[PDB]
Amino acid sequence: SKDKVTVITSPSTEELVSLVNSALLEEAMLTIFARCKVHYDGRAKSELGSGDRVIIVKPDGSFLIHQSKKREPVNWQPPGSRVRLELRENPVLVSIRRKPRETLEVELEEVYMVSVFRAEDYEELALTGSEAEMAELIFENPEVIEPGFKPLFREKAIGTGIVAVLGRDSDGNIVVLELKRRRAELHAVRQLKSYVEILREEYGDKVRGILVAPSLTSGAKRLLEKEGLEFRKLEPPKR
């Protein structure tokens, strides 16, 4: 219980209980390979029949159950959940959330492996190429939109909704920008169109809105044009 890893293949019940309870107490990552059934009831409800999966319980209460395919866990519980090991006909991992109230139950039919990983990580992800950096680029360099553009507000609450960037053009009109870091879609335009209408109701048909994205879908283009909105091609920047 100093070693980063403690692992037992084909553990007995006592061994399982010992390692599971150590993981929670030491606040380390618990990892288990097991044949299991999963029961979930919560926001939604689901059953998963008997099969082999990887189970992870993070010290912050995150609970993940992974099949041999996809990116997503087949079942999970978010940070803050409370997990208890519980003995029955078979051992059962039980994770509870109260807000909203959700129960995840993992019945462990055969545990092939259980492990405790006392992980030491002080580092945080450093990410670039986001929408937030698109905004920064525009405020530092407003001409990537158009000559004379004057960015004024970032994330301005208008009446209903929140606008990515609000500014004025060389004609003095109010300008709404809707930024997308990737190819913009129908819902991008609906967002932009929604902000613009609300603002037009105040400042007149004067108000411009501009979709700022590396590209558009066919449908985005269509709706953008039918509503008299504009498109400025812009790539999300990378430090």
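Sequential numbering from 1, following the sequence displayed.
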Compare the mean C-alpha B-factor of 95-103 with that of 74-82 as given in the PDB entry, and name the stretch with the higher value. 95-103
Please compare 211-219 with 18-26 and say which has the higher mean C-alpha temperature factor in the record. 18-26
Considering only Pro59, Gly49, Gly42, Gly172, which residue's Cα atom bears the greatest B-factor as recorded? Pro59
Select one of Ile138, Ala126, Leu108, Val163: the residue whose C-alpha shows the highest B-factor in the crystal structure entry. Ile138
Considering every modelled residue of the chain and its Cα B-factor in the PDB entry, is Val38 in the lowest, middle or highest third? middle
Lowest, middle or highest third - CA B-factor, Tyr203: highest
For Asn90, return the chain-relative third of its C-alpha B-factor as stated in the PDB record: lowest, middle or highest. highest
Please place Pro151 in the lowest, middle or highest third of its chain by C-alpha B factor as given in the entry. middle
Test of reading the entry: by CA B factor among the chain's modelled residues, which third contains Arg182? middle
